[PDB]
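Q: My structure is in my_file-v5.cif, and what it holds is mmCIF, C-alpha atoms; chains and numbers go by the auth columns:
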data_my_file
loop_
_atom_site.group_PDB
_atom_site.id
_atom_site.type_symbol
_atom_site.label_atom_id
_atom_site.label_comp_id
_atom_site.label_asym_id
_atom_site.label_seq_id
_atom_site.Cartn_x
_atom_site.Cartn_y
_atom_site.Cartn_z
_atom_site.B_iso_or_equiv
_atom_site.auth_seq_id
_atom_site.auth_asym_id
ATOM 1 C CA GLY A 1 24.715 -51.819 -44.005 0.00 1 A
ATOM 2 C CA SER A 2 23.918 -51.479 -47.702 0.00 2 A
ATOM 3 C CA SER A 3 21.558 -49.799 -50.166 0.00 3 A
ATOM 4 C CA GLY A 4 20.765 -47.297 -47.429 0.00 4 A
ATOM 5 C CA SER A 5 18.809 -49.469 -45.007 0.00 5 A
ATOM 6 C CA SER A 6 16.243 -47.033 -43.612 0.00 6 A
ATOM 7 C CA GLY A 7 13.292 -48.453 -41.700 0.00 7 A
ATOM 8 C CA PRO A 8 12.204 -51.095 -39.166 0.00 8 A
ATOM 9 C CA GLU A 9 12.807 -54.842 -39.423 0.00 9 A
ATOM 10 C CA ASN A 10 11.464 -55.698 -42.878 0.00 10 A
ATOM 11 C CA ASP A 11 13.329 -58.742 -44.190 0.00 11 A
ATOM 12 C CA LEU A 12 15.916 -59.222 -41.442 0.00 12 A
ATOM 13 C CA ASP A 13 16.409 -61.745 -38.639 0.00 13 A
ATOM 14 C CA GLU A 14 15.919 -60.312 -35.150 0.00 14 A
ATOM 15 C CA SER A 15 15.146 -63.614 -33.426 0.00 15 A
ATOM 16 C CA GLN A 16 18.914 -64.094 -33.619 0.00 16 A
ATOM 17 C CA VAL A 17 21.574 -61.893 -32.023 0.00 17 A
ATOM 18 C CA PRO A 18 23.849 -59.737 -34.219 0.00 18 A
ATOM 19 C CA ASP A 19 27.259 -61.216 -35.028 0.00 19 A
ATOM 20 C CA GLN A 20 30.523 -59.473 -34.148 0.00 20 A
ATOM 21 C CA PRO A 21 31.782 -56.573 -36.306 0.00 21 A
ATOM 22 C CA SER A 22 33.858 -57.728 -39.276 0.00 22 A
ATOM 23 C CA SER A 23 36.567 -55.618 -37.637 0.00 23 A
ATOM 24 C CA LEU A 24 37.035 -53.283 -34.671 0.00 24 A
ATOM 25 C CA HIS A 25 39.766 -50.642 -34.850 0.00 25 A
ATOM 26 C CA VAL A 26 40.961 -49.047 -31.609 0.00 26 A
ATOM 27 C CA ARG A 27 43.541 -46.307 -31.067 0.00 27 A
ATOM 28 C CA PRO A 28 44.732 -45.797 -27.465 0.00 28 A
ATOM 29 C CA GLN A 29 45.218 -42.051 -27.022 0.00 29 A
ATOM 30 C CA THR A 30 46.810 -40.143 -24.142 0.00 30 A
ATOM 31 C CA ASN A 31 43.703 -39.622 -22.012 0.00 31 A
ATOM 32 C CA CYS A 32 41.261 -41.110 -24.519 0.00 32 A
ATOM 33 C CA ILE A 33 40.701 -44.071 -26.838 0.00 33 A
ATOM 34 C CA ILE A 34 38.829 -43.920 -30.145 0.00 34 A
ATOM 35 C CA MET A 35 37.304 -47.099 -31.569 0.00 35 A
ATOM 36 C CA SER A 36 35.657 -47.705 -34.944 0.00 36 A
ATOM 37 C CA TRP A 37 33.863 -50.944 -35.816 0.00 37 A
ATOM 38 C CA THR A 38 31.705 -52.179 -38.693 0.00 38 A
ATOM 39 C CA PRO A 39 28.327 -53.907 -39.177 0.00 39 A
ATOM 40 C CA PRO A 40 27.803 -57.691 -39.408 0.00 40 A
ATOM 41 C CA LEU A 41 28.740 -59.289 -42.730 0.00 41 A
ATOM 42 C CA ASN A 42 25.066 -60.270 -42.720 0.00 42 A
ATOM 43 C CA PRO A 43 22.986 -57.139 -43.438 0.00 43 A
ATOM 44 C CA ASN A 44 19.910 -59.339 -43.024 0.00 44 A
ATOM 45 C CA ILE A 45 20.327 -59.270 -39.244 0.00 45 A
ATOM 46 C CA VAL A 46 18.750 -56.794 -36.825 0.00 46 A
ATOM 47 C CA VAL A 47 21.066 -54.520 -34.844 0.00 47 A
ATOM 48 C CA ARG A 48 19.848 -52.397 -31.934 0.00 48 A
ATOM 49 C CA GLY A 49 23.358 -51.266 -31.049 0.00 49 A
ATOM 50 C CA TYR A 50 26.643 -52.368 -29.500 0.00 50 A
ATOM 51 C CA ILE A 51 27.942 -52.794 -25.951 0.00 51 A
ATOM 52 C CA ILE A 52 31.264 -51.013 -25.458 0.00 52 A
ATOM 53 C CA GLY A 53 32.973 -52.708 -22.529 0.00 53 A
ATOM 54 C CA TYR A 54 36.281 -50.996 -21.795 0.00 54 A
ATOM 55 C CA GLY A 55 38.447 -50.956 -18.683 0.00 55 A
ATOM 56 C CA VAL A 56 41.986 -50.955 -17.310 0.00 56 A
ATOM 57 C CA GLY A 57 43.205 -54.541 -17.455 0.00 57 A
ATOM 58 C CA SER A 58 39.622 -55.743 -17.825 0.00 58 A
ATOM 59 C CA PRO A 59 36.945 -54.759 -20.376 0.00 59 A
ATOM 60 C CA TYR A 60 34.469 -54.986 -17.498 0.00 60 A
ATOM 61 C CA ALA A 61 35.458 -51.682 -15.896 0.00 61 A
ATOM 62 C CA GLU A 62 33.177 -49.441 -17.955 0.00 62 A
ATOM 63 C CA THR A 63 30.276 -50.366 -20.236 0.00 63 A
ATOM 64 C CA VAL A 64 28.520 -48.144 -22.772 0.00 64 A
ATOM 65 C CA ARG A 65 25.559 -49.213 -24.905 0.00 65 A
ATOM 66 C CA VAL A 66 25.350 -47.202 -28.127 0.00 66 A
ATOM 67 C CA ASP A 67 22.846 -47.184 -30.988 0.00 67 A
ATOM 68 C CA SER A 68 23.093 -49.390 -34.078 0.00 68 A
ATOM 69 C CA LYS A 69 24.086 -46.214 -35.922 0.00 69 A
ATOM 70 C CA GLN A 70 27.252 -45.398 -33.977 0.00 70 A
ATOM 71 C CA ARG A 71 30.161 -46.693 -36.056 0.00 71 A
ATOM 72 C CA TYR A 72 32.741 -45.465 -33.544 0.00 72 A
ATOM 73 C CA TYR A 73 33.066 -44.288 -29.943 0.00 73 A
ATOM 74 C CA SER A 74 35.654 -41.964 -28.406 0.00 74 A
ATOM 75 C CA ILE A 75 36.397 -43.072 -24.845 0.00 75 A
ATOM 76 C CA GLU A 76 37.592 -40.047 -22.873 0.00 76 A
ATOM 77 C CA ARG A 77 38.382 -39.372 -19.214 0.00 77 A
ATOM 78 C CA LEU A 78 41.000 -42.133 -19.203 0.00 78 A
ATOM 79 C CA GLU A 79 44.474 -42.378 -17.674 0.00 79 A
ATOM 80 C CA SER A 80 47.863 -42.525 -19.398 0.00 80 A
ATOM 81 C CA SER A 81 50.396 -45.356 -19.576 0.00 81 A
ATOM 82 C CA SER A 82 47.945 -48.187 -18.904 0.00 82 A
ATOM 83 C CA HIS A 83 46.373 -51.124 -20.741 0.00 83 A
ATOM 84 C CA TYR A 84 42.737 -50.642 -21.748 0.00 84 A
ATOM 85 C CA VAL A 85 40.900 -53.774 -22.882 0.00 85 A
ATOM 86 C CA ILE A 86 38.072 -52.893 -25.264 0.00 86 A
ATOM 87 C CA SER A 87 35.322 -55.436 -25.928 0.00 87 A
ATOM 88 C CA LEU A 88 32.672 -54.505 -28.492 0.00 88 A
ATOM 89 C CA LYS A 89 29.635 -56.711 -29.111 0.00 89 A
ATOM 90 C CA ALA A 90 26.388 -56.328 -31.055 0.00 90 A
ATOM 91 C CA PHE A 91 23.028 -56.534 -29.283 0.00 91 A
ATOM 92 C CA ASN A 92 19.343 -56.627 -30.225 0.00 92 A
ATOM 93 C CA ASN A 93 15.853 -57.721 -29.178 0.00 93 A
ATOM 94 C CA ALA A 94 17.400 -61.193 -29.050 0.00 94 A
ATOM 95 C CA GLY A 95 20.158 -60.092 -26.692 0.00 95 A
ATOM 96 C CA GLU A 96 23.907 -60.162 -27.286 0.00 96 A
ATOM 97 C CA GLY A 97 25.978 -61.970 -29.898 0.00 97 A
ATOM 98 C CA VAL A 98 29.549 -63.207 -30.261 0.00 98 A
ATOM 99 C CA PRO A 99 31.367 -60.422 -28.370 0.00 99 A
ATOM 100 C CA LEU A 100 34.518 -58.964 -29.926 0.00 100 A
ATOM 101 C CA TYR A 101 37.515 -58.265 -27.693 0.00 101 A
ATOM 102 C CA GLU A 102 40.403 -55.875 -28.335 0.00 102 A
ATOM 103 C CA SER A 103 43.430 -54.180 -26.773 0.00 103 A
ATOM 104 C CA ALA A 104 44.599 -50.570 -26.515 0.00 104 A
ATOM 105 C CA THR A 105 47.303 -49.183 -24.227 0.00 105 A
ATOM 106 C CA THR A 106 46.920 -45.446 -23.644 0.00 106 A
ATOM 107 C CA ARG A 107 49.860 -43.136 -24.342 0.00 107 A
ATOM 108 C CA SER A 108 52.306 -41.453 -21.964 0.00 108 A
ATOM 109 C CA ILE A 109 52.249 -37.695 -21.383 0.00 109 A
ATOM 110 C CA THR A 110 55.867 -37.613 -20.215 0.00 110 A
ATOM 111 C CA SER A 111 58.270 -37.738 -23.160 0.00 111 A
ATOM 112 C CA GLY A 112 59.822 -41.130 -23.845 0.00 112 A
ATOM 113 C CA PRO A 113 58.116 -43.673 -26.127 0.00 113 A
ATOM 114 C CA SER A 114 60.459 -46.542 -25.262 0.00 114 A
ATOM 115 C CA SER A 115 63.618 -47.307 -23.285 0.00 115 A
ATOM 116 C CA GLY A 116 65.665 -48.648 -26.180 0.00 116 A
#
How does the structure come out when it is put into structure tokens?
A:
Amino acid sequence: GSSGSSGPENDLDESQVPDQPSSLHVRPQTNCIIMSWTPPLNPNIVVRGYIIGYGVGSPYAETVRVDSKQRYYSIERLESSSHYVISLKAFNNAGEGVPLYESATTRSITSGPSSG
């Protein structure tokens, strides 16, 4: 946020859902995948958290609702050499807002980054 926003909804807009994170970085690891997003360009909006929807081929394989404080989530217990679609979206008393999609293909344990 800004100016250390500590406290309940004072001069924000909860009636409306939180917009997507200005940006969502995701790094597909061997058996894990770390992701770091940011708050809505509009600090005047209420944010109860974010819905982390990741999954192999489809971001609807595993969902994880975190707090509005979590700026990043490390997805572990994943496979290697597979596409992992990550979809992060902000949620609040109003519900869910413009969901943000992403892509992250895990790594490969066995040596060999590419054929060529």
Q: Excluding residue 68 in chain A and any residue of its chain fewer than 3 positions from it, enumerate the residues within 6 Å of it, using only C-alpha atoms, and give them as a PyMOL selection string.
A: chain A and resi 47-49
Q: Using the selection just defined, write its residues with C-alpha atoms as an mmCIF file, in the coordinates of the input.
A:
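Okay, this is what ended up in part04.cif:
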data_model
loop_
_atom_site.group_PDB
_atom_site.id
_atom_site.type_symbol
_atom_site.label_atom_id
_atom_site.label_comp_id
_atom_site.auth_asym_id
_atom_site.auth_seq_id
_atom_site.Cartn_x
_atom_site.Cartn_y
_atom_site.Cartn_z
ATOM 1 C CA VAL A 47 21.066 -54.520 -34.844
ATOM 2 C CA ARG A 48 19.848 -52.397 -31.934
ATOM 3 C CA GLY A 49 23.358 -51.266 -31.049
#
Q: Of the candidates A:109, A:46, A:56, A:88, which shows the shortest atom-to-atom distance to residue 21 in chain A, using all atoms listed in the file?
A: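 Selected residue with least distance to residue 21 in chain A: A:88.
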Q: Where does the PyMOL selection byres ((chain A and resi 9-14) around 9) land in this file, that is, which residues does it pick, as an NGL selection string?
A: :A and (7-8 or 15-18 or 43-47 or 92-94)
Q: Run the PyMOL selection byres ((chain A and resi 50) around 10) against the file shown and list the residues it catches, as a VMD selection string.
A: chain A and resid 18 20 to 21 37 39 47 to 49 51 to 53 64 to 71 87 to 92 96 to 97 99
Q: Env of residue 106 in chain A: 10 Å cut, atoms = all atoms listed in the file, seq-sep filter 5 positions within chain, self excluded. Answer as a PDB file with C-alpha atoms, in the frame of the given file.
A:
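Full text of selection01.pdb as output:
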ATOM      1  CA  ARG A  27      43.541 -46.307 -31.067  1.00  0.00           C
ATOM      2  CA  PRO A  28      44.732 -45.797 -27.465  1.00  0.00           C
ATOM      3  CA  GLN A  29      45.218 -42.051 -27.022  1.00  0.00           C
ATOM      4  CA  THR A  30      46.810 -40.143 -24.142  1.00  0.00           C
ATOM      5  CA  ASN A  31      43.703 -39.622 -22.012  1.00  0.00           C
ATOM      6  CA  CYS A  32      41.261 -41.110 -24.519  1.00  0.00           C
ATOM      7  CA  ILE A  33      40.701 -44.071 -26.838  1.00  0.00           C
ATOM      8  CA  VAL A  56      41.986 -50.955 -17.310  1.00  0.00           C
ATOM      9  CA  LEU A  78      41.000 -42.133 -19.203  1.00  0.00           C
ATOM     10  CA  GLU A  79      44.474 -42.378 -17.674  1.00  0.00           C
ATOM     11  CA  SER A  80      47.863 -42.525 -19.398  1.00  0.00           C
ATOM     12  CA  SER A  81      50.396 -45.356 -19.576  1.00  0.00           C
ATOM     13  CA  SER A  82      47.945 -48.187 -18.904  1.00  0.00           C
ATOM     14  CA  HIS A  83      46.373 -51.124 -20.741  1.00  0.00           C
ATOM     15  CA  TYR A  84      42.737 -50.642 -21.748  1.00  0.00           C
TER      16      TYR A  84
END
Q: In Å, how far is it from CA of residue 74 in chain A to CA of residue 54 in chain A?
A: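 Calculated distance between CA of residue 74 in chain A and CA of residue 54 in chain A is 11.2 Å.
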Q: Under the rule that all atoms listed in the file are counted, which of A:41, A:107, A:57, A:6 is the nearest residue to residue 23 in chain A?
A: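 For residue 23 in chain A, the nearest of the candidates is A:41.
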